[PDB]
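Before any questions on how it binds or moves, here is one chain, the form deposited in one PDB entry, in structure tokens.
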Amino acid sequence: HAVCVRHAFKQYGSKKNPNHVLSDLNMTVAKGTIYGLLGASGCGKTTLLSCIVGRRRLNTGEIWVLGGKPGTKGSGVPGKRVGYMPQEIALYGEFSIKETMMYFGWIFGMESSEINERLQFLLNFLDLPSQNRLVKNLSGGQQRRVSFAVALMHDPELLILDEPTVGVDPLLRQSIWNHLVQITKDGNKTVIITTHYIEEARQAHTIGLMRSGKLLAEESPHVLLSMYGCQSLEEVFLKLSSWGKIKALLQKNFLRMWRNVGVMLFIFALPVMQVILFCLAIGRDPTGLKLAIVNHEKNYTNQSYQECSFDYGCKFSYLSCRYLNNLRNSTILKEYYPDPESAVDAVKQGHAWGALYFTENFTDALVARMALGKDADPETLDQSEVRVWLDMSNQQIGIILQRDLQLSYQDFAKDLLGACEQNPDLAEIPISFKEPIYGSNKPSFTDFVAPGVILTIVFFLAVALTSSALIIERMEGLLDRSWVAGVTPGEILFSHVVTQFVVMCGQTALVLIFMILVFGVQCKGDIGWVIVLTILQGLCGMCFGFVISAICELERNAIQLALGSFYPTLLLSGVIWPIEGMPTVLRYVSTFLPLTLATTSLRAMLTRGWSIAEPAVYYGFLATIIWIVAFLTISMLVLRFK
């Protein structure tokens, strides 16, 4: 007895809709006999097969397949001593026919010498095309034959065929049945064909009719028609009463990405281009800001010409074209207007960003204001000033103008004296800013956001790759079919980590190279710890993919969950703005987020040069390691409750 399913109970009930899929089964299959299984549309004939191979655990009862209980330490039924053909196609579209044959042969530990011979024989027998056409390029009716040949490659002693001939030309169905009846001539192998239409399953040695979760007929077809006095079987049925499984599986993972150009460009060429636009468009100070200057001491000749000519040594001549000489030539463009009202009108129409309006007697009232000193009069104070009207609608441009206009005066003051034999330190404010402890006197916004996007690109791209890989391949039956071949769920997960890790050290090597070596983002700290932190953040991201691909079955559902949780963090992690600006009731909450405490640690390791032994640099390692454990605990808990 190859299979005994005596007294098989199985319930899918909910105490509201009790689905008694398997009420009481008494099935027995003898070695060397083809055993058909006819019934309804997968009412109980599609879960009994899964329970035979150990995919689904049985309820109270008995089971005995080949050696003993399925899925035990014998390696009886989940192994190389079985052949499984699923109801649907469970092949890889990006693989050649020969590539698929070798990949499945390596799982069973078959040498490449005999695999080629078996492949050639199978190709000749099943009139398939040459062994160079991809499975995705074959029609839907001839990849079923490829799957059938895959199930027949290793010639096991127990075949579980599920609809082996449904869309097959009967001319090449007579040959299939001849082969099936020939291989079972001796008492070596056995075939279990659970088809759907009765009329073809008549050459089998034994058949079984299944209805309402119970086999109501077991005997041979001839002692069925003779017993029930029937001219056909249809009228009978009218009964109203371990290192080889990781080398050969990593190659598949590294090939399903190379063949898909769209996936390759998304996870390798987007990070490269995104960090190029960011380093070129965000952070740099505005340049080329126009200014409408009114000079009442010179002669108005044109729009972009004033004939600014003063004297240098002493005897201050004009003191208005001299100040404009000290103006910064980088981020200020000067255009001249004839009237104070005309200049203001230009600003109101968006043709400029401000006005200056040096008065008619600025030189006379300025030299007489710094001479008298602290006993001046309101007349000279109100006629020796530059009246600036500014368009302060933009914070970042209203600050550059408000700073370059005052810095240019300090150089002007330090030039007027100093050329008149005086002490330059006299023209200063008592608030003297010494050399900064960290950074430089001219900081950049790019250096503040660059650490914030290193950990964002790496984290998100790991979630997208892991979630899609484990959802598409699970929903297509690739996990279930490969499990029957003996691939325990210990190297399926281990290989994915290795594949994810390798594709991950290549993303870090491109983001860091294109932002530190090129575009010159300062890295004052150790580059050794920067790489480790970036890699560790991603491993937290990959672990998040397991959580996403454990509660969502549909492809579209994981996208909303991934996007609906990422966006909200990243307005709380302080990537684009300092963390200090948030109110101190939500700052505490925002501290326990994934990326918030690692971004701060990476920022302090680049813009300050701190080491690991600093309570702000190692807090970013503990925070990103705890989340790895938390994400690996929720995923296990989810699978337990499902």
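Here, rigid core means the biggest group of C-alpha atoms that superpose within 1.5 Å across both forms. The numbering used is simple: start at 1 and walk along the sequence shown.
What follows is about the form deposited in another entry, which we do not show.
Chemist: Can we say the CA of residue 502 moves by at least 2 Å between this form and the one not shown when the core is superposed?
Modeler: Shift at residue 502: below 2 Å after core fit.
Chemist: Rigid core aligned, does the Cα position of residue 611 differ by 2 Å or more between this form and the one not shown?
Modeler: No, the C-alpha position differs by under 2 Å between this form and the one not shown.
Chemist: Once everything's superposed on the core, is residue 58 shifted 2 Å or more at the Cα between this form and the one not shown?
Modeler: Residue 58 C-alpha, core-superposed: shift of 2 Å or more.
Chemist: So the Cα-Cα distance between residue 548 and residue 13 shifts by 3 Å or more in that other deposited form; is it shorter or longer than what we see here?
Modeler: Between the C-alphas of residue 13 and residue 548, the gap narrows in that other deposited form (3 Å or more compared with this form).
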